[PDB]
Amino acid sequence: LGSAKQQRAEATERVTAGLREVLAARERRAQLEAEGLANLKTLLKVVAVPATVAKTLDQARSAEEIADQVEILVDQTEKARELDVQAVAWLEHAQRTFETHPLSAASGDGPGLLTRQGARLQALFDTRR
Amino acid sequence: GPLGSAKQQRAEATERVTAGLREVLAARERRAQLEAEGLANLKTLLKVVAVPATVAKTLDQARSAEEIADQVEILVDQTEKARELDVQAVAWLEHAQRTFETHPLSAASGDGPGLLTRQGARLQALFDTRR
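Shown next as structure tokens:
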């Protein structure tokens, strides 16, 4: 309505104000997300945190990084369950071996090397964890 | 001859004593050597099934069956403690998934699936408390 010159002045002003509006929103979003990340960590800590990830949890700079630490923990738990399987298998074999070997087996003179550890061993063996 | 035959008697008496010691010694030595063989073969038998690094690192070096037993107990210790950690980690992972699913920063929005979604399978696997 105003002028040839004033028409232009409003037209660009829409562009610059629109930019300011965009930047303002991004800024506000960053800081609330920072608050959200802070509070995410607080929530995650309500249940005891494995030392594995606790060592690094506070340092995570985003939710994505925490998810990564989660994925690490999952991998590690998978690998540990794999080793358990192997360890029980070897322990079963080792106990069998010891029980029939002249160097270890119980004799007339008392118990074998693994005797006093038998109960504990059987627990590990009995079909769980 | 007189001196000679007398001397050969002393020599024989001397040898009987030396032979007696040698006899006793040889028995001790042979027992040691056979127990050594036994320890070697014990390790060979033990290796027929894959040996955890806990025990494998030191097994060949073990000076007796007793040392191997010590290490066995360690392995048992480690396996106990590991099973304790499994319990704790599953507990936390459950809590973690529960939390991620309802949190604005991670939960699925209009723009796609949540952050942990792609881990759903593995997570559920671990959760269905096998092993």
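These protein sequence lines map, in sequence, to chains A and B. Under the entry's author numbering, the first residue of the first sequence is numbered 1597, with each subsequent residue one higher. Under the entry's author numbering, the first residue of the second sequence is numbered 1595, with each subsequent residue one higher. Note that beta-carbon positions come from the ideal geometry of N, C-alpha and C, so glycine has one too.
Of the listed residues the options, nearest to residue i (C-alpha basis)
i                : options                               : result
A1685 of chain B : A:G1706, A:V1666 and A:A1613          : A:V1666
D1671 of chain A : B:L1636, B:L1720 and B:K1601          : B:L1720
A1701 of chain B : A:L1633, A:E1617 and A:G1598          : A:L1633
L1669 of chain A : A:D1654, A:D1680 and A:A1650          : A:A1650
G1708 of chain B : A:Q1718, A:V1618, A:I1662 and A:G1598 : A:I1662
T1696 of chain B : A:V1611, A:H1697, A:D1654 and A:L1636 : A:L1636
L1687 of chain B : A:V1681, A:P1646 and A:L1597          : A:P1646
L1717 of chain B : B:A1683, B:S1703, B:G1704 and B:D1705 : B:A1683
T1723 of chain A : A:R1610, A:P1698, A:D1680 and A:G1706 : A:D1680
Run of the alpha helix (DSSP H) containing residue i, from where it starts to where it stops
i                : result
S1703 of chain B : Where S1703 of chain B is concerned, there is no enclosing alpha helix (DSSP H), given that its DSSP letter is neither H nor E.
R1622 of chain B : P1596 to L1640
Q1655 of chain A : Note, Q1655 of chain A: premise wrong, no alpha helix (DSSP H); not H, not E.
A1715 of chain B : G1714 to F1721
> If you pair each beta-carbon of the region 1613 to 1628 of chain A with each one of the region 1636 to 1652 of chain A, do three or more pairs fall below 8 Å?
Replying inline: no
>> Residues of the region 1615 to 1639 of chain A in Cβ contact with chain B at a cutoff of 8 Å, in chain order, please.
In response: Residues passing the 8 Å Cβ filter: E1629, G1632, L1633, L1636 and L1639.
> Hey, is the region 1598 to 1608 of chain B in contact with the region 1670 to 1687 of chain B, meaning 3+ C-beta pairs nearer than 8 Å?
Replying inline: Pairwise C-beta distances place the region 1598 to 1608 of chain B out of contact with the region 1670 to 1687 of chain B, as fewer than three of them are shorter than 8 Å.
>> If contact is defined by three or more beta carbon pairs under 8 Å, each pair taking one atom from either stretch, is the region 1652 to 1663 of chain B in contact with the region 1628 to 1638 of chain B?
In response: yes
> Does the pairing of the region 1690 to 1698 of chain B with the region 1709 to 1716 of chain B give three or more beta-carbon distances under 8 Å?
Replying inline: yes
> For the region 1649 to 1670 of chain B, which residues have a CB atom closer than 7 Å to at least one CB atom of chain A, in sequence order?
Replying inline: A1659, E1660, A1663, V1666, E1667, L1669 and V1670
>> Taking beta-carbon pairs under 8 Å, can you tell me which members of the region 1711 to 1725 of chain A lie near chain B?
In response: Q1713, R1716, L1717, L1720 and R1725
>> If the cut-off is 9 Å on Cβ atoms, which residues from the region 1677 to 1692 of chain A count as contacting chain B, listed in chain order?
In response: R1677, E1678, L1679, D1680, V1681, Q1682, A1683, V1684, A1685, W1686, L1687, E1688, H1689, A1690 and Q1691
> Residues in the region 1699 to 1710 of chain A with C-beta within 8 Å of chain B's C-beta atoms, listed in sequence order?
Replying inline: Contacts with chain B (Cβ-Cβ distance below 8 Å) from the region 1699 to 1710 of chain A involve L1699, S1700, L1709 and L1710, listed in chain order.
>> Using a Cβ-Cβ cutoff of 8 Å, what residues of the region 1598 to 1612 of chain B are near chain A? List them in chain order.
In response: none
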